[PDB]
>>> print(open('coords_22.txt').read())   # compact mmCIF, N, CA, C and O atoms
# COMPACT_ATOMS: atom_id res chain seq x y z
N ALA J 1 -57.63 53.68 -139.91
CA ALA J 1 -56.78 54.73 -139.28
C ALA J 1 -56.26 55.68 -140.36
O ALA J 1 -55.10 55.61 -140.74
N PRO J 2 -57.13 56.58 -140.85
CA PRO J 2 -56.80 57.56 -141.89
C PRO J 2 -55.46 58.26 -141.70
O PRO J 2 -55.10 58.67 -140.59
N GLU J 3 -54.72 58.40 -142.80
CA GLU J 3 -53.42 59.05 -142.77
C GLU J 3 -53.49 60.44 -143.40
O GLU J 3 -52.67 61.31 -143.09
N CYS J 4 -54.48 60.65 -144.26
CA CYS J 4 -54.61 61.92 -144.96
C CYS J 4 -56.05 62.23 -145.39
O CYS J 4 -56.93 61.38 -145.31
N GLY J 5 -56.26 63.45 -145.86
CA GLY J 5 -57.57 63.84 -146.35
C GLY J 5 -58.62 64.36 -145.39
O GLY J 5 -58.33 64.75 -144.26
N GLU J 6 -59.86 64.35 -145.87
CA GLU J 6 -61.01 64.82 -145.11
C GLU J 6 -61.21 64.05 -143.81
O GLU J 6 -61.72 64.60 -142.84
N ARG J 7 -60.80 62.79 -143.80
CA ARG J 7 -60.94 61.95 -142.62
C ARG J 7 -59.75 62.10 -141.67
O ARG J 7 -59.73 61.50 -140.60
N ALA J 8 -58.76 62.89 -142.08
CA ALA J 8 -57.57 63.10 -141.27
C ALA J 8 -57.27 64.58 -141.07
O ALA J 8 -56.11 65.00 -141.08
N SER J 9 -58.32 65.38 -140.90
CA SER J 9 -58.18 66.82 -140.67
C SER J 9 -57.37 67.56 -141.73
O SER J 9 -56.66 68.51 -141.42
N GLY J 10 -57.48 67.13 -142.98
CA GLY J 10 -56.77 67.79 -144.06
C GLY J 10 -55.28 67.52 -144.15
O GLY J 10 -54.55 68.29 -144.78
N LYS J 11 -54.81 66.45 -143.54
CA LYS J 11 -53.39 66.13 -143.61
C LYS J 11 -53.01 65.74 -145.04
O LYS J 11 -53.82 65.17 -145.77
N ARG J 12 -51.78 66.08 -145.43
CA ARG J 12 -51.26 65.75 -146.76
C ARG J 12 -50.19 64.69 -146.56
O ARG J 12 -49.50 64.66 -145.54
N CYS J 13 -50.03 63.82 -147.55
CA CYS J 13 -49.05 62.74 -147.47
C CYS J 13 -47.59 63.15 -147.56
O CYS J 13 -47.24 64.08 -148.29
N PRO J 14 -46.71 62.46 -146.82
CA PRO J 14 -45.29 62.79 -146.87
C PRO J 14 -44.73 62.33 -148.22
O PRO J 14 -45.33 61.49 -148.89
N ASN J 15 -43.60 62.89 -148.61
CA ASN J 15 -42.98 62.54 -149.89
C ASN J 15 -43.93 62.73 -151.07
O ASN J 15 -43.91 61.95 -152.02
N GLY J 16 -44.75 63.77 -150.98
CA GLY J 16 -45.70 64.11 -152.04
C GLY J 16 -46.63 63.03 -152.55
O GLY J 16 -47.18 63.16 -153.65
N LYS J 17 -46.84 61.99 -151.76
CA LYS J 17 -47.72 60.90 -152.20
C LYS J 17 -49.18 61.30 -152.32
O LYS J 17 -49.64 62.26 -151.69
N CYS J 18 -49.91 60.57 -153.15
CA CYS J 18 -51.33 60.83 -153.38
C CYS J 18 -52.19 60.35 -152.23
O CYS J 18 -51.96 59.27 -151.67
N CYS J 19 -53.20 61.14 -151.88
CA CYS J 19 -54.12 60.77 -150.81
C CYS J 19 -55.37 60.15 -151.43
O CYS J 19 -56.16 60.85 -152.07
N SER J 20 -55.55 58.85 -151.22
CA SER J 20 -56.69 58.13 -151.78
C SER J 20 -58.04 58.60 -151.25
O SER J 20 -58.13 59.36 -150.28
N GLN J 21 -59.10 58.14 -151.90
CA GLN J 21 -60.46 58.48 -151.52
C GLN J 21 -60.75 57.97 -150.10
O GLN J 21 -61.66 58.46 -149.44
N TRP J 22 -59.96 57.00 -149.65
CA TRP J 22 -60.15 56.42 -148.33
C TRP J 22 -59.23 57.01 -147.27
O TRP J 22 -59.24 56.57 -146.12
N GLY J 23 -58.43 58.00 -147.66
CA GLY J 23 -57.53 58.64 -146.71
C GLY J 23 -56.21 57.93 -146.48
O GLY J 23 -55.65 58.00 -145.39
N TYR J 24 -55.71 57.24 -147.50
CA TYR J 24 -54.44 56.54 -147.38
C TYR J 24 -53.44 57.04 -148.41
O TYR J 24 -53.81 57.49 -149.49
N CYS J 25 -52.16 56.96 -148.06
CA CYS J 25 -51.09 57.44 -148.93
C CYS J 25 -50.44 56.41 -149.85
O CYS J 25 -50.10 55.31 -149.42
N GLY J 26 -50.27 56.78 -151.12
CA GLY J 26 -49.67 55.88 -152.08
C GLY J 26 -49.33 56.55 -153.40
O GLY J 26 -49.56 57.75 -153.58
N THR J 27 -48.78 55.78 -154.34
CA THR J 27 -48.40 56.32 -155.65
C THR J 27 -49.03 55.59 -156.83
O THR J 27 -48.75 55.92 -157.99
N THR J 28 -49.86 54.59 -156.56
CA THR J 28 -50.50 53.84 -157.63
C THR J 28 -51.91 54.37 -157.91
O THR J 28 -52.39 55.27 -157.21
N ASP J 29 -52.56 53.81 -158.92
CA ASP J 29 -53.90 54.26 -159.31
C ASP J 29 -54.93 54.32 -158.18
O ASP J 29 -55.78 55.20 -158.17
N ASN J 30 -54.86 53.38 -157.24
CA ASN J 30 -55.82 53.39 -156.14
C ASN J 30 -55.68 54.63 -155.27
O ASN J 30 -56.61 55.02 -154.57
N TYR J 31 -54.51 55.26 -155.33
CA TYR J 31 -54.23 56.45 -154.54
C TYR J 31 -54.26 57.74 -155.35
O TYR J 31 -54.81 58.75 -154.90
N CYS J 32 -53.69 57.69 -156.55
CA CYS J 32 -53.62 58.86 -157.42
C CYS J 32 -54.77 59.01 -158.41
O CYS J 32 -54.99 60.09 -158.95
N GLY J 33 -55.49 57.92 -158.65
CA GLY J 33 -56.59 57.95 -159.59
C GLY J 33 -57.89 58.43 -158.99
O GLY J 33 -57.90 59.15 -157.99
N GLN J 34 -59.00 58.03 -159.62
CA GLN J 34 -60.33 58.41 -159.18
C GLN J 34 -60.48 58.49 -157.67
O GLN J 34 -60.17 57.53 -156.95
N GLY J 35 -60.95 59.63 -157.19
CA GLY J 35 -61.16 59.81 -155.76
C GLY J 35 -60.01 60.44 -155.01
O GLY J 35 -60.17 60.85 -153.86
N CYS J 36 -58.84 60.51 -155.64
CA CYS J 36 -57.68 61.10 -154.99
C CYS J 36 -58.03 62.51 -154.49
O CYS J 36 -58.54 63.34 -155.25
N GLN J 37 -57.74 62.77 -153.22
CA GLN J 37 -58.06 64.05 -152.59
C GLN J 37 -56.98 65.13 -152.62
O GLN J 37 -57.30 66.31 -152.53
N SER J 38 -55.72 64.73 -152.71
CA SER J 38 -54.64 65.70 -152.72
C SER J 38 -53.33 65.10 -153.20
O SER J 38 -53.13 63.88 -153.14
N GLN J 39 -52.44 65.97 -153.67
CA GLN J 39 -51.14 65.56 -154.19
C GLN J 39 -51.31 64.43 -155.20
O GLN J 39 -50.53 63.48 -155.24
N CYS J 40 -52.34 64.56 -156.04
CA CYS J 40 -52.64 63.55 -157.06
C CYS J 40 -51.67 63.67 -158.22
O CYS J 40 -51.69 62.85 -159.14
N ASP J 41 -50.80 64.68 -158.14
CA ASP J 41 -49.81 64.95 -159.18
C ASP J 41 -48.42 64.42 -158.84
O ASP J 41 -47.41 64.97 -159.31
N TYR J 42 -48.35 63.37 -158.04
CA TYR J 42 -47.07 62.79 -157.65
C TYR J 42 -46.16 62.49 -158.85
O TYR J 42 -44.94 62.68 -158.78
N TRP J 43 -46.75 62.03 -159.95
CA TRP J 43 -45.96 61.70 -161.13
C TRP J 43 -45.78 62.86 -162.09
O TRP J 43 -45.16 62.71 -163.14
N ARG J 44 -46.32 64.03 -161.74
CA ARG J 44 -46.20 65.21 -162.59
C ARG J 44 -45.20 66.16 -161.96
O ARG J 44 -44.89 66.04 -160.78
N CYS J 45 -44.72 67.13 -162.73
CA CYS J 45 -43.71 68.03 -162.21
C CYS J 45 -43.44 69.20 -163.15
O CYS J 45 -43.96 69.24 -164.27
N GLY J 46 -42.63 70.14 -162.69
CA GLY J 46 -42.27 71.27 -163.53
C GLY J 46 -43.15 72.50 -163.59
O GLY J 46 -43.98 72.76 -162.72
N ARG J 47 -42.95 73.25 -164.67
CA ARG J 47 -43.65 74.51 -164.93
C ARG J 47 -45.17 74.51 -164.77
O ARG J 47 -45.73 75.50 -164.31
N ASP J 48 -45.83 73.43 -165.16
CA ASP J 48 -47.28 73.38 -165.05
C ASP J 48 -47.78 72.80 -163.74
O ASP J 48 -48.99 72.61 -163.55
N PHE J 49 -46.85 72.50 -162.83
CA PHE J 49 -47.21 71.94 -161.54
C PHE J 49 -46.49 72.62 -160.38
O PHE J 49 -45.87 71.96 -159.54
N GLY J 50 -46.58 73.95 -160.34
CA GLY J 50 -45.96 74.72 -159.28
C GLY J 50 -44.45 74.60 -159.18
O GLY J 50 -43.87 74.95 -158.15
N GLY J 51 -43.81 74.13 -160.24
CA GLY J 51 -42.37 73.98 -160.23
C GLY J 51 -41.93 72.87 -159.30
O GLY J 51 -40.78 72.82 -158.87
N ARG J 52 -42.85 71.96 -159.01
CA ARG J 52 -42.58 70.85 -158.12
C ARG J 52 -41.48 69.92 -158.63
O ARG J 52 -41.35 69.70 -159.84
N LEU J 53 -40.69 69.39 -157.71
CA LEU J 53 -39.60 68.48 -158.03
C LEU J 53 -40.09 67.05 -157.83
O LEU J 53 -40.92 66.79 -156.96
N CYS J 54 -39.58 66.12 -158.63
CA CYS J 54 -39.97 64.72 -158.50
C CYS J 54 -39.27 64.10 -157.31
O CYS J 54 -38.18 64.50 -156.94
N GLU J 55 -39.92 63.09 -156.72
CA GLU J 55 -39.33 62.38 -155.59
C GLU J 55 -38.37 61.33 -156.14
O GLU J 55 -38.31 61.09 -157.35
N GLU J 56 -37.62 60.70 -155.24
CA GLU J 56 -36.66 59.67 -155.60
C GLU J 56 -35.75 60.03 -156.78
O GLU J 56 -35.47 59.21 -157.66
N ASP J 57 -35.28 61.28 -156.78
CA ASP J 57 -34.38 61.81 -157.79
C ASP J 57 -34.80 61.60 -159.25
O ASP J 57 -33.95 61.51 -160.14
N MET J 58 -36.10 61.52 -159.50
CA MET J 58 -36.57 61.34 -160.87
C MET J 58 -36.44 62.62 -161.68
O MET J 58 -36.62 63.72 -161.15
N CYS J 59 -36.13 62.48 -162.96
CA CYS J 59 -36.01 63.64 -163.84
C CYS J 59 -37.40 64.09 -164.19
O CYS J 59 -38.33 63.28 -164.23
N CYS J 60 -37.55 65.38 -164.45
CA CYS J 60 -38.84 65.92 -164.85
C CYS J 60 -38.79 66.18 -166.35
O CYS J 60 -38.06 67.05 -166.81
N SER J 61 -39.59 65.43 -167.11
CA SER J 61 -39.60 65.57 -168.56
C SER J 61 -40.16 66.90 -169.03
O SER J 61 -40.77 67.64 -168.26
N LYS J 62 -39.95 67.19 -170.31
CA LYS J 62 -40.43 68.44 -170.89
C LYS J 62 -41.95 68.49 -170.89
O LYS J 62 -42.55 69.55 -171.06
N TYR J 63 -42.58 67.33 -170.70
CA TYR J 63 -44.03 67.26 -170.67
C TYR J 63 -44.57 67.14 -169.25
O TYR J 63 -45.75 66.85 -169.05
N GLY J 64 -43.70 67.37 -168.27
CA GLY J 64 -44.11 67.32 -166.88
C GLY J 64 -44.34 65.96 -166.28
O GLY J 64 -45.23 65.79 -165.45
N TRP J 65 -43.55 64.97 -166.70
CA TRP J 65 -43.68 63.62 -166.16
C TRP J 65 -42.39 63.19 -165.48
O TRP J 65 -41.30 63.43 -165.99
N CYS J 66 -42.54 62.56 -164.31
CA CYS J 66 -41.41 62.08 -163.53
C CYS J 66 -40.93 60.72 -164.03
O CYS J 66 -41.71 59.79 -164.17
N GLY J 67 -39.63 60.61 -164.30
CA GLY J 67 -39.09 59.36 -164.79
C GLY J 67 -37.57 59.35 -164.85
O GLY J 67 -36.93 60.32 -164.43
N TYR J 68 -37.00 58.28 -165.40
CA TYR J 68 -35.54 58.14 -165.48
C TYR J 68 -34.97 57.92 -166.88
O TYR J 68 -33.76 57.76 -167.03
N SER J 69 -35.82 57.91 -167.90
CA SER J 69 -35.36 57.67 -169.27
C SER J 69 -34.79 58.91 -169.94
O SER J 69 -34.83 60.01 -169.39
N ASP J 70 -34.24 58.73 -171.14
CA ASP J 70 -33.68 59.85 -171.88
C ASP J 70 -34.80 60.82 -172.25
O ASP J 70 -34.55 62.01 -172.45
N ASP J 71 -36.02 60.32 -172.33
CA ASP J 71 -37.16 61.18 -172.66
C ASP J 71 -37.49 62.07 -171.47
O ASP J 71 -38.12 63.12 -171.63
N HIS J 72 -37.07 61.65 -170.28
CA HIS J 72 -37.32 62.40 -169.05
C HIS J 72 -36.12 63.26 -168.66
O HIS J 72 -36.27 64.37 -168.16
N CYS J 73 -34.93 62.72 -168.88
CA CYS J 73 -33.70 63.37 -168.46
C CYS J 73 -32.88 64.21 -169.43
O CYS J 73 -32.00 64.95 -169.00
N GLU J 74 -33.16 64.13 -170.72
CA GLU J 74 -32.35 64.90 -171.65
C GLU J 74 -33.02 66.10 -172.31
O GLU J 74 -33.33 67.08 -171.63
N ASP J 75 -33.24 66.04 -173.61
CA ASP J 75 -33.85 67.17 -174.32
C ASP J 75 -35.09 67.76 -173.64
O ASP J 75 -36.16 67.15 -173.64
N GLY J 76 -34.93 68.94 -173.05
CA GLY J 76 -36.06 69.60 -172.42
C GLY J 76 -36.35 69.24 -170.97
O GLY J 76 -37.34 69.72 -170.40
N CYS J 77 -35.51 68.41 -170.37
CA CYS J 77 -35.72 68.03 -168.98
C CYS J 77 -35.79 69.30 -168.13
O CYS J 77 -35.02 70.24 -168.34
N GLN J 78 -36.72 69.33 -167.17
CA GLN J 78 -36.92 70.50 -166.33
C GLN J 78 -36.18 70.51 -164.99
O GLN J 78 -35.97 71.58 -164.42
N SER J 79 -35.82 69.34 -164.48
CA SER J 79 -35.12 69.29 -163.20
C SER J 79 -34.60 67.90 -162.88
O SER J 79 -35.09 66.90 -163.41
N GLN J 80 -33.59 67.85 -162.01
CA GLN J 80 -32.97 66.61 -161.58
C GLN J 80 -32.70 65.72 -162.79
O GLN J 80 -33.05 64.54 -162.82
N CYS J 81 -32.04 66.32 -163.78
CA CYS J 81 -31.72 65.66 -165.04
C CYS J 81 -30.44 64.83 -165.02
O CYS J 81 -30.22 64.00 -165.90
N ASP J 82 -29.61 65.05 -164.01
CA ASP J 82 -28.35 64.33 -163.87
C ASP J 82 -28.53 63.13 -162.94
O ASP J 82 -28.50 63.33 -161.71
>>> encode(input="coords_22.txt", output="structure tokens")
Amino acid sequence: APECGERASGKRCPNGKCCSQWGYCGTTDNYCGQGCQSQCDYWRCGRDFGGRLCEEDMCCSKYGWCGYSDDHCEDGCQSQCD
């Protein structure tokens, strides 16, 4: 029962999740890695990714990675740094 992708009339996953090669939504390698059809950038963010905001209040690092550490939230953080 496809949730996203070519097998689901081009539907995109809610909460920016990755659409796997099999048409399912997730945030792990099986969904965001090889074969991912859309929103494969769930863990990426900022200036090089359409100014996208991270889900679950994650900070966007200066290198465009979603996380909660000082490397993500302080020097150069792009969004949701608090």
>>> residues_around(input="coords_22.txt", residues="residue 56 (chain J)", least_positions_apart="4", cutoff="12 Å", atoms="only C-alpha atoms", output="VMD selection string")
chain J and resid 15 to 17 42 to 43 60 66 to 68 80
>>> closest_residue(input="coords_22.txt", among="J:18, J:77, J:36, J:4", to="residue 65 (chain J)", atoms="only C-alpha atoms")
J:77
>>> atom_distance(input="coords_22.txt", atom1="CA of residue 30 (chain J)", atom2="CA of residue 2 (chain J)")
14.9 Å
>>> select_by_dssp(input="coords_22.txt", residues="chain J", states="helix (DSSP H, G or I)", output="compact mmCIF listing (two decimals) with N, CA, C and O atoms, in the frame of the given file")
# COMPACT_ATOMS: atom_id res chain seq x y z
N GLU J 6 -59.86 64.35 -145.87
CA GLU J 6 -61.01 64.82 -145.11
C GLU J 6 -61.21 64.05 -143.81
O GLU J 6 -61.72 64.60 -142.84
N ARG J 7 -60.80 62.79 -143.80
CA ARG J 7 -60.94 61.95 -142.62
C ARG J 7 -59.75 62.10 -141.67
O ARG J 7 -59.73 61.50 -140.60
N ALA J 8 -58.76 62.89 -142.08
CA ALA J 8 -57.57 63.10 -141.27
C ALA J 8 -57.27 64.58 -141.07
O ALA J 8 -56.11 65.00 -141.08
N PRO J 14 -46.71 62.46 -146.82
CA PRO J 14 -45.29 62.79 -146.87
C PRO J 14 -44.73 62.33 -148.22
O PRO J 14 -45.33 61.49 -148.89
N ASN J 15 -43.60 62.89 -148.61
CA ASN J 15 -42.98 62.54 -149.89
C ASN J 15 -43.93 62.73 -151.07
O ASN J 15 -43.91 61.95 -152.02
N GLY J 16 -44.75 63.77 -150.98
CA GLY J 16 -45.70 64.11 -152.04
C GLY J 16 -46.63 63.03 -152.55
O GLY J 16 -47.18 63.16 -153.65
N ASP J 29 -52.56 53.81 -158.92
CA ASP J 29 -53.90 54.26 -159.31
C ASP J 29 -54.93 54.32 -158.18
O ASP J 29 -55.78 55.20 -158.17
N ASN J 30 -54.86 53.38 -157.24
CA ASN J 30 -55.82 53.39 -156.14
C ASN J 30 -55.68 54.63 -155.27
O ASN J 30 -56.61 55.02 -154.57
N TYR J 31 -54.51 55.26 -155.33
CA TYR J 31 -54.23 56.45 -154.54
C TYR J 31 -54.26 57.74 -155.35
O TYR J 31 -54.81 58.75 -154.90
N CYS J 32 -53.69 57.69 -156.55
CA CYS J 32 -53.62 58.86 -157.42
C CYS J 32 -54.77 59.01 -158.41
O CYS J 32 -54.99 60.09 -158.95
N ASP J 70 -34.24 58.73 -171.14
CA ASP J 70 -33.68 59.85 -171.88
C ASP J 70 -34.80 60.82 -172.25
O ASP J 70 -34.55 62.01 -172.45
N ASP J 71 -36.02 60.32 -172.33
CA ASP J 71 -37.16 61.18 -172.66
C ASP J 71 -37.49 62.07 -171.47
O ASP J 71 -38.12 63.12 -171.63
N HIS J 72 -37.07 61.65 -170.28
CA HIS J 72 -37.32 62.40 -169.05
C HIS J 72 -36.12 63.26 -168.66
O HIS J 72 -36.27 64.37 -168.16
N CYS J 73 -34.93 62.72 -168.88
CA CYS J 73 -33.70 63.37 -168.46
C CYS J 73 -32.88 64.21 -169.43
O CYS J 73 -32.00 64.95 -169.00
>>> atom_distance(input="coords_22.txt", atom1="CA of residue 52 (chain J)", atom2="atom N of residue 82 (chain J)")
15.4 Å
>>> closest_residue(input="coords_22.txt", among="J:64, J:34, J:29, J:39", to="residue 13 (chain J)", atoms="all atoms listed in the file")
J:39
>>> decode(input="coords_22.txt", residues="region 59-74 of chain J", atoms="N, CA, C and O atoms", output="JSON list (two decimals), in the first residue's frame")
[["chain", "number", "residue", "atom", "x", "y", "z"],
["J", 59, "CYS", "N", 18.45, 21.91, 15.06],
["J", 59, "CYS", "CA", 19.20, 23.07, 14.59],
["J", 59, "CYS", "C", 19.79, 22.72, 13.25],
["J", 59, "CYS", "O", 20.08, 21.55, 12.97],
["J", 60, "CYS", "N", 19.99, 23.73, 12.41],
["J", 60, "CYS", "CA", 20.59, 23.52, 11.11],
["J", 60, "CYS", "C", 22.03, 24.01, 11.18],
["J", 60, "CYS", "O", 22.27, 25.21, 11.32],
["J", 61, "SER", "N", 22.99, 23.09, 11.07],
["J", 61, "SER", "CA", 24.40, 23.45, 11.16],
["J", 61, "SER", "C", 24.88, 24.30, 10.00],
["J", 61, "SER", "O", 24.20, 24.43, 8.98],
["J", 62, "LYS", "N", 26.07, 24.88, 10.15],
["J", 62, "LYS", "CA", 26.64, 25.72, 9.11],
["J", 62, "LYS", "C", 26.94, 24.91, 7.86],
["J", 62, "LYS", "O", 27.15, 25.47, 6.78],
["J", 63, "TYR", "N", 26.97, 23.59, 8.01],
["J", 63, "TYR", "CA", 27.23, 22.72, 6.87],
["J", 63, "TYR", "C", 25.96, 22.07, 6.33],
["J", 63, "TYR", "O", 26.02, 21.14, 5.53],
["J", 64, "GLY", "N", 24.81, 22.57, 6.78],
["J", 64, "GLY", "CA", 23.54, 22.07, 6.30],
["J", 64, "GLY", "C", 23.09, 20.73, 6.84],
["J", 64, "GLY", "O", 22.47, 19.95, 6.11],
["J", 65, "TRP", "N", 23.42, 20.44, 8.09],
["J", 65, "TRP", "CA", 23.01, 19.18, 8.71],
["J", 65, "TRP", "C", 22.11, 19.43, 9.91],
["J", 65, "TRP", "O", 22.38, 20.32, 10.71],
["J", 66, "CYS", "N", 21.05, 18.64, 10.01],
["J", 66, "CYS", "CA", 20.09, 18.74, 11.11],
["J", 66, "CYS", "C", 20.58, 17.99, 12.34],
["J", 66, "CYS", "O", 20.94, 16.82, 12.27],
["J", 67, "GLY", "N", 20.60, 18.68, 13.48],
["J", 67, "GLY", "CA", 21.06, 18.04, 14.71],
["J", 67, "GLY", "C", 20.81, 18.90, 15.94],
["J", 67, "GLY", "O", 20.20, 19.97, 15.84],
["J", 68, "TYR", "N", 21.31, 18.44, 17.09],
["J", 68, "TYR", "CA", 21.10, 19.15, 18.35],
["J", 68, "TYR", "C", 22.37, 19.54, 19.11],
["J", 68, "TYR", "O", 22.28, 20.11, 20.20],
["J", 69, "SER", "N", 23.54, 19.23, 18.56],
["J", 69, "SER", "CA", 24.80, 19.53, 19.24],
["J", 69, "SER", "C", 25.26, 20.98, 19.07],
["J", 69, "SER", "O", 24.64, 21.75, 18.33],
["J", 70, "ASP", "N", 26.33, 21.34, 19.76],
["J", 70, "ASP", "CA", 26.87, 22.69, 19.65],
["J", 70, "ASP", "C", 27.38, 22.92, 18.23],
["J", 70, "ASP", "O", 27.44, 24.05, 17.76],
["J", 71, "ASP", "N", 27.74, 21.84, 17.55],
["J", 71, "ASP", "CA", 28.23, 21.96, 16.18],
["J", 71, "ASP", "C", 27.07, 22.29, 15.24],
["J", 71, "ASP", "O", 27.27, 22.82, 14.15],
["J", 72, "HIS", "N", 25.85, 21.98, 15.68],
["J", 72, "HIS", "CA", 24.65, 22.24, 14.89],
["J", 72, "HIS", "C", 23.96, 23.54, 15.31],
["J", 72, "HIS", "O", 23.42, 24.27, 14.48],
["J", 73, "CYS", "N", 23.98, 23.80, 16.61],
["J", 73, "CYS", "CA", 23.27, 24.94, 17.17],
["J", 73, "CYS", "C", 24.00, 26.25, 17.46],
["J", 73, "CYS", "O", 23.35, 27.27, 17.69],
["J", 74, "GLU", "N", 25.32, 26.25, 17.45],
["J", 74, "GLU", "CA", 26.01, 27.49, 17.77],
["J", 74, "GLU", "C", 26.70, 28.20, 16.61],
["J", 74, "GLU", "O", 26.03, 28.71, 15.71]]
